[PDB]
There are 6 protein chains.
Amino acid sequence: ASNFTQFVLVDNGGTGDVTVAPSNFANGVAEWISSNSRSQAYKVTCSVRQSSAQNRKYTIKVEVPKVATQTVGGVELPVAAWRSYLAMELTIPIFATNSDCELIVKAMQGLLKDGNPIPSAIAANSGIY
Amino acid sequence: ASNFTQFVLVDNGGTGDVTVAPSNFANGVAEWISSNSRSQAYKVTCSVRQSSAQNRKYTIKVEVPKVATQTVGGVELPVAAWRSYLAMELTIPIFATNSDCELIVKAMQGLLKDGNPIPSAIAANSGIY
Amino acid sequence: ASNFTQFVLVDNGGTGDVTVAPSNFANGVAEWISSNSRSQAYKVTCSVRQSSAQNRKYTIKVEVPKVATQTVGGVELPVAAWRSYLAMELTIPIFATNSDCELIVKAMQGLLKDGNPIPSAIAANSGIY
Amino acid sequence: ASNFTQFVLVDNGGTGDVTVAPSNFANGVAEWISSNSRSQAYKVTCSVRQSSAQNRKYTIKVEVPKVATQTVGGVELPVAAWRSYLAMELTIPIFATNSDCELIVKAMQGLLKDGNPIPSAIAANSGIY
Amino acid sequence: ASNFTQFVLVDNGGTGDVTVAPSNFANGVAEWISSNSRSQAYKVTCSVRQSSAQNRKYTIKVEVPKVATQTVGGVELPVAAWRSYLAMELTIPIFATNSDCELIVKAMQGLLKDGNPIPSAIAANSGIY
Amino acid sequence: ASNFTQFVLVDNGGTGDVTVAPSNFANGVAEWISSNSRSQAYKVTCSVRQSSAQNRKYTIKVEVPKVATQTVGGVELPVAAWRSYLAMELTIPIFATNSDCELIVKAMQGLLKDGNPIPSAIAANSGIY
RNA sequence: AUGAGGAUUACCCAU
RNA sequence: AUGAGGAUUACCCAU
RNA sequence: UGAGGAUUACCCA
RNA sequence: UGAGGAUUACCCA
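Residues numbered from 1 in each chain as written, not as in the entry; some residues may be left out. Chains lettered and ligands numbered in written order. Part of a larger assembly, values for the part shown. Heavy atoms only, no water.

Asker: Help me get a handle on the overall build of chain A, residues and values and all.
Answerer: Counting secondary structure elements, chain A contains two helices and six strands. In chain A, the succession of α and β elements from N to C terminus is β-β-β-β-β-β-α-α. With respect to the principal axes defined by its C-alpha atoms, chain A has extents near 50 × 40 × 30 Å. Counting every position in chain A, which comprises 129 residues, the buried fraction comes to 60%. Here the analysis covers contacts within chain A between residues at least 6 apart in sequence; of these, 31% occur between residues at least 24 apart. With an accessible surface of roughly 4800 Å², chain A has 51% of that area assigned to carbon and sulfur atoms. For chain A, the centre of its 10 positive side-chain charges and the centre of its 9 negative side-chain charges are spaced 6 Å apart. (Helix = DSSP H or I, 4+ residues; strand = E, 2+ residues; numbered from the N terminus. Buried < 20%, exposed > 50% of the residue type's maximum accessible area, 1.4 Å probe, protein only. Contact = heavy atoms within 4.5 Å. Areas by Shrake-Rupley, 256 points an atom, 1.4 Å probe, with all protein chains shown as cover. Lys, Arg positive; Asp, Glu negative; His and termini not counted. Charge placed at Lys NZ, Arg CZ, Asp CG, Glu CD.)

Asker: Which residues make up the environment of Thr-71 of chain A, and what values go with them?
Answerer: Mapped onto the elements of the fold, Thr-71 of chain A is located in the loop between β5 (55–65) and β6 (83–93). Taking the C-alpha atoms as reference points, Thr-71 of chain A and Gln-40 of chain A, separated by 31 residues in sequence, lie 9.2 Å from one another.

Asker: Hey, could you go over the sheet that holds strand β1 (residues 7–10) of chain D for me, with residue numbers and the actual values?
Answerer: Taken together, 12 strands build an open sheet; the order of strands is β1(C)-β2(C)-β3(C)-β4(C)-β5(C)-β6(C)-β6(D)-β5(D)-β4(D)-β3(D)-β2(D)-β1(D) and the sheet is antiparallel. Looking at which strands have only one partner, the edges of the open sheet turn out to be β1 (7–10) of chain C together with β1 of chain D. Neighbour to neighbour, the strand axes of the sheet diverge by 25° on average, direction disregarded. Packing of helix α1 (residues 98–112) of chain D onto the sheet brings it into contact with β1, β4 (43–49), β5 (55–72) and β6 (75–93) of chain C together with β6 (75–93) of chain D, and relative to β1 of chain C it is tilted by some 150°. (Pairing = 2+ DSSP bridges. Axes fitted to C-alpha atoms, helices over the stretch in contact; angles between N-to-C directions.)

Asker: How would you sum up the environment of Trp-32 of chain D? Please name residues and give values.
Answerer: Following the sequence through the fold, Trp-32 of chain D ends up in strand β3 (residues 29–34). Separated by 2.7 Å, the side chain of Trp-32 of chain D and the backbone oxygen of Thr-5 of chain D make a polar contact. (Polar contact = N/O pair within 3.5 Å; in protein donor to acceptor, adjacent residues only side chain to side chain.)

Asker: Before we move on, could you go through the sheet that holds strand β3 (residues 30–33) of chain A and cite the residues and values that matter?
Answerer: An order of β1(A)-β2(A)-β3(A)-β4(A)-β5(A)-β6(A)-β6(B)-β5(B)-β4(B)-β3(B)-β2(B)-β1(B) is seen for the 12 strands of this open sheet, with the pairing classed as antiparallel. Of all strands in the sheet, those bounded by a partner on one side alone are β1 (7–10) of chain A together with β1 (7–10) of chain B. Within this sheet the neighbouring strands show an average axis-to-axis angle of 25°, counted without direction. One ladder, built from four bridges, connects strand β3 (residues 30–34) of chain B with strand β4 (residues 43–49) of chain B; its direction is antiparallel. Each residue of the ladder has a partner; that of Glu-31 of chain B, found in β4 of chain B, is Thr-45 of chain B. Relative to the sheet, helix α1 (residues 98–111) of chain A contacts β6 of chain A together with β1, β4, β5 (55–72) and β6 (75–93) of chain B, its axis offset from that of β1 of chain B by approximately 150°. Together, β1, β4 (43–52), β5 and β6 of chain A together with β6 of chain B form the strand contacts of helix α1 (residues 98–111) of chain B, whose direction differs from that of β1 of chain A by roughly 150°.

Asker: Which residues make up helix α2 (residues 117–124) of chain B, and what values go with them?
Answerer: All names here are of chain B. The element α2 is extensively covered by neighbouring structure, given that six of its eight residues are classed as buried. Turning to α2, its buried residues are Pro-117, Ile-118, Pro-119, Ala-121, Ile-122 and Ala-123. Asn-125, located one to two residues past α2, shows a positive phi value of around 60°.

Asker: Tell me about the interface of chain D and chain C, and name the residues and values.
Answerer: Taken together, the contact pairs 68 residues of chain D with 68 residues of chain C. Between chain D and chain C, a total of about 6200 Å² is buried, with carbon and sulfur atoms accounting for 65% of that surface. Summed over the shared surface of chain D and chain C, the number is four salt bridges. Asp-11 of chain C is the salt-bridge partner of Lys-113 of chain D, the closest N and O atoms lying 4.0 Å from each other. Put simply, the parts of the chain that give the side of chain D that touches chain C at least two residues each are β1, β3, β4 (43–49), β5 (55–72), β6, α1 and α2 (117–123) of chain D. The element best represented in the side of chain D that touches chain C is α1 of chain D, accounting for 14 residues. Looking at the side of chain D that touches chain C, its residues break down into 44 nonpolar, 14 polar and 10 charged. (Buried area = accessible area lost by both parts, 1.4 Å probe. Salt bridge = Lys/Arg side-chain N within 4 Å of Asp/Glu carboxyl O. Nonpolar A, V, L, I, M, F, W, Y, C, P; charged D, E, K, R; others polar.)

Asker: I'd like a rundown of the interface of chain A and chain B, residues and numbers included.
Answerer: Residue-level contacts link 72 residues of chain A with 69 residues of chain B. At the boundary of chain A with chain B, total buried surface from both sides reaches about 6400 Å², with 65% on carbon and sulfur atoms. Among the residues of chain A in contact with chain B, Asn-3, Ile-122 and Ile-128 of chain A are the three that bury the most area, contributing 11% of the side total. Linking chain A with chain B are three salt bridges, by the criterion used here. At the boundary of chain A and chain B, one finds 27 residue pairs in polar contact. Elements supplying a minimum of two residues to the side of chain A that touches chain B: β1, β3, β4, β5, β6, α1 and α2 (117–123) of chain A. Per element, the largest residue contribution to the side of chain A that touches chain B is 13 residues, and it comes from α1 of chain A. Within the side of chain A that touches chain B, the residues separate by chemical class into 48 nonpolar, 14 polar and 10 charged. Here β6 of chain A runs beside β6 of chain B; their pairing, made up of seven bridges, is antiparallel. Bridging across to β6 of chain B, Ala-87 of chain A finds its partner in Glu-89 of chain B.

Asker: Can you break down the protein's contact with RNA strand J residue by residue, with the values?
Answerer: Close contacts around RNA strand J come from 19 residues, with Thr-45, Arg-49 and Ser-52 of chain C together with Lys-43 and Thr-45 of chain D the closest. Within 4 Å of the protein, the contacting atoms of RNA strand J are drawn from sugar and phosphate to the extent of 49%. At 3.0 Å from a base nitrogen of RNA strand J is found a main-chain nitrogen or oxygen belonging to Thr-59 of chain D. Take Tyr-85 of chain D: an N or O atom from its side chain is 3.5 Å from a phosphate oxygen of RNA strand J. Elements represented by at least two residues in the surface near RNA strand J include exactly β4 and β5 of chain C together with β4 and β5 of chain D. In terms of residue class, the surface near RNA strand J is built from four nonpolar, nine polar and six charged. (Near = heavy atom within 4 Å.)

Asker: Could you give me a rundown of the pairing of β4 of chain A, with the residues and numbers involved?
Answerer: Residues and elements named next belong to chain A. Across eight bridges, the pairing between β4 and β5 is antiparallel. Counted as the bridge partner of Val-44 is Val-62 from β5. Between the end of β4 and the start of β5, which pair antiparallel, lie two residues.

Asker: Quick rundown of unusual backbone geometry? Include the residues and the values.
Answerer: Cis peptide bonds are those with omega within 30 degrees of zero, and the linkage from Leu-77 of chain A to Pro-78 of chain A qualifies with 0°. Looking at the element boundaries, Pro-78 of chain A is found in the loop between β5 and β6. Unusually for a residue other than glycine, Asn-27 of chain A sits at a positive phi of about 75°. Looking at the secondary structure, you find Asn-27 of chain A in the loop between β2 (18–24) and β3. If you check the backbone angles, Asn-36 of chain D has positive phi at about 75° while not being a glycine. Within the element layout of this structure, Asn-36 of chain D appears in the loop between β3 and β4.

Purely geometric numbers; function is a separate question.
Okay, structure coming up:
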């Protein structure tokens, strides 16, 4: 097919959407970044390897910029204060069929669906209670 | 009043929906499992920690089982052929606003939306190209 | 530009076609895998290195699986009864021009063309006679 | 019956065709050589052995010469500036039927079909990208 | 859709133009070579690395050959009399905007524009005075 | 001739052009800088030496200021955050004639020509893909 | 703390 | 990391 | 190097 | 066994 295309990472309904696009493919590690300074950009990387005899493993990483009081194109230090890092590791047994995998994706979509426990906690600087 | 509620992890249009419910909160780790035997249950765990002086870290894990019946010693037992493991870590600076966090959530959602690169690859048993 | 795309490995008319898509490309080794269970997938790997000062060397590898189900304890998994392994090494001197290479490729294609000694022998569990 | 006959190794339309004919078949190793100076000839060898109790193993070898004249002391001899060396090993389990073999052969033919990743890379002094 | 495309390295008005094409991307190093034998080809390589926590470094190399024919052992081989090597390293802070980078590109272009000091000296086999 | 004259480094078509001019010649190392504080200036240096028995080598260095959110004449720390550094090394065999050198220059101009892979990647905080 | 480190998975490994 | 360090050129050298 | 083996980018002389 | 080398049915770990 060729899935390495640009896509919408943050959907604000047309107005203010954040689109991320192909920016690197060194070592099979695909990368997408928004149209920003790399210090203030949205970054997404993803790769697959066979972690072991009977397991394959996808490693996905996301970097999201702190936007409140942000200064576009400015030098903001320390970097750790202005960025959030997401690191996902997905282990899938070599026996999983496409169907099995489709389900695994659905579970991930469900986990983060709007209004569910986890996404709500995160969106409110909260934990579970 | 409490965000520790049950939610549908896998949505199949109200029929075959894998719904998960609160099952434990011992040791600051919120757990959720499906209505199966502990050996065949879908499991979701979450925990927040002030990882650093200026950071907070959410640790989330999901277990997707391949339910099966095994004849161990002439007797049938409900078991899992294998399990797929999702493990994600999210680091957020303390300086992040509630709006800054909503941004992070929206991004994770857009990341896994149907048709986009990553979920397409996972469901197809392929890499990004 | 990119030649690390998916292609048809086995041509069975239009339906039954075995297609192999990119999966990984780490450490200078490109890898293609057919869809569905990694356990029953076809695999193809390729790499090129400068073997010596005068020669460049290609190493192609192909795995053909014998799709089968495996029942153990009443638990059935998608597996491969066995696999056929092809491994080839092509050495080409740095003096070879694009024309010399096209010729080398034609030789390989001719060696396997239908009806010729070698593919015929292989296709019939035979040797030469 | 006999498959140890001459065949076209390189197909250049009808004229320019490189044909290789049987030359020797000692010690279980069949050998084909193109006509004229053995020094500038194309060579092809093939053999099959029972590698282990379960597997049979084919070993095919092809040599592509770079025809050139060599003058030394005013004495010119027909030689080969250099040679390109192809060596492949195909392992097939004794459980493979004639159908399984025909499939394995189709995979090899597909791997080298024109326009596919590998033959393209080779034909252009390239690797994968 | 991909910036890894062929391009004309040396422009001689469409006649004698040295055009270079993608040839390899193994190990995160993008390669391009001309349609010659590997021994007489123009070669261009590029790679980006996050050299520091706050920097990114592009490493670019170009090889310009002096094509020639050498009689080694009475036999003629296509070779290079000598090669000229260009090696440039560019360090860009992560804080650089896309506009900040365009500025860098424009500068490098102006640096080598015909008639300016540096290219004038290089083409004249002299220094700056 | 006397090539050590002022020239246009960044060409914005008259309006906003950046002209760099002679500022130092200590030790044969020619320098040009823009009309700015040395902390915010565009700097260009260049020298030639015979690196070895049969090689001459030009060393060219360029410094480009981060302009987005820049404060003219202000004190901006850290320096590494507000500046990009280019370092080119050009090795030319002593056999290269003026013609050979003219070509070497053309290859450099081509490499960085507008719309080509490299300059496009750089201008977009990207790598090759 | 970091790892496109591993897992039988709230554990283990390396720097 | 730095070098107006070297190369047969994705390598090597010094601090 | 190998008409060396394989559990196929691993291991033997 | 080897994305080990070759002067290609040879030789190295």
